[PDB]
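# Topology and contacts: notes
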2 protein chains.
Amino acid sequence: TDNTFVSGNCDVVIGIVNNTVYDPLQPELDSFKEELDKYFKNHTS
Amino acid sequence: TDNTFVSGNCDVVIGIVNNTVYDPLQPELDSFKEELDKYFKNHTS
């Protein structure tokens, strides 16, 4: 997301292809979720 | 981290020095992560 910028939509550019744009904030928050998932077993016990 | 970019490693640079690069996202996420730990702390209490 730092190396690219969002403009227009996918129906304008001629020849646009599909692919996944890596967002650095997604795994950082998901890694927090996995560490927060450990509290689910503490609630059961 | 916003004013610099990561390229290569420390072994390929001649004259590189060691320092601490301040991440502006580090204290904002950690302070809010403590809000996530204390919230799920009430979930287990």
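Residues numbered from 1 in each chain as written, not as in the entry; some residues may be left out. Chains lettered and ligands numbered in written order. Part of a larger assembly, values for the part shown. Heavy atoms only, no water.

## Thoughts on the overall build of chain A
We count it as follows: Secondary structure is summarised from DSSP: a helix means a run of H or I of at least four residues, a strand means a run of E of at least two, and numbering begins at the N terminus for each. The buried label applies to any residue whose accessible area, calculated with a 1.4 Å probe on protein chains only, is under 20% of its type's maximum; exposed applies above 50%, and partly exposed to all values in between. A 1.4 Å probe and the Shrake-Rupley method give the accessible areas. Residues count as covered only by the protein chains that appear here.
A count of helices and strands for chain A gives one helix and zero strands. Seen along its three principal axes, the alpha-carbon backbone of chain A occupies a region of about 55 × 20 × 15 Å. Buried positions account for 7% of the 45 residues belonging to chain A. Within the structure as shown, chain A displays about 4,500 Å² of accessible surface, and the carbon and sulfur contribution to it stands at 54%.

## Details of the interface of chain A and chain B
To keep it simple, the criterion reads: The contact criterion used throughout is that any non-hydrogen atoms of two residues lie within 4.5 Å. Defined in terms of a 1.4 Å probe, buried area is the accessible area two parts forfeit on being brought together, summed over both. Definition used for salt bridges: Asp or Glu carboxyl oxygen within 4 Å of a side-chain nitrogen of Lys or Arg. In protein, a polar contact requires one atom able to donate a hydrogen and another able to accept it; more generally it is a pair of N or O atoms within 3.5 Å, and residues adjacent in sequence count only if both atoms are side-chain atoms. Residue polarity follows a fixed list, in which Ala, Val, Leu, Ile, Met, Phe, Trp, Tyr, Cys and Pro are nonpolar, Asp, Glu, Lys and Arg are charged, and the others, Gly among them, are polar.
The interface is formed by nine residues belonging to chain A together with eight residues belonging to chain B. With both chains or domains summed, chain A and chain B bury close to 900 Å², and 75% of this area falls on carbon and sulfur atoms. One can count one salt bridge joining chain A with chain B. Residue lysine 33 of chain B is joined to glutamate 35 of chain A by a salt bridge in which the shortest nitrogen-to-oxygen separation is 2.6 Å. If you look at where chain A meets chain B, you find two residue pairs in polar contact. In the side of chain A that touches chain B, the residues fall into five nonpolar, two polar and two charged.

## Let's talk about the side chain of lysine 33 of chain B
In this fold, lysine 33 of chain B is placed in helix α1 (residues 25-43). Among the residues examined, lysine 33 of chain B registers a relative accessible area of 18% and is labelled buried. The contact partners of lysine 33 of chain B, leaving out residues within four places of it in the chain, are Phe32 and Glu35 of chain A.

## Brief notes about the packing of aromatic side chains
Two measures describe an aromatic ring pair: the distance that separates the ring centres and the angle between the ring planes. Definition in use: When two rings of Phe, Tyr or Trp (its six-membered ring) have centres within 6.5 Å they constitute a pair, described as stacked for plane angles under 30 degrees, edge-to-face for angles over 60, and tilted for the intermediate range.
Applying the stated criterion to the full structure yields two aromatic pairs over all chains. With 5.6 Å between their ring centres and 55 degrees between their planes, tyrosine 39 of chain B and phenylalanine 40 of chain B make a pair best called tilted. Through a chain of ring-to-ring contacts, the aromatic side chains of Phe40 of chain A together with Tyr39 and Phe40 of chain B assemble into a single cluster.

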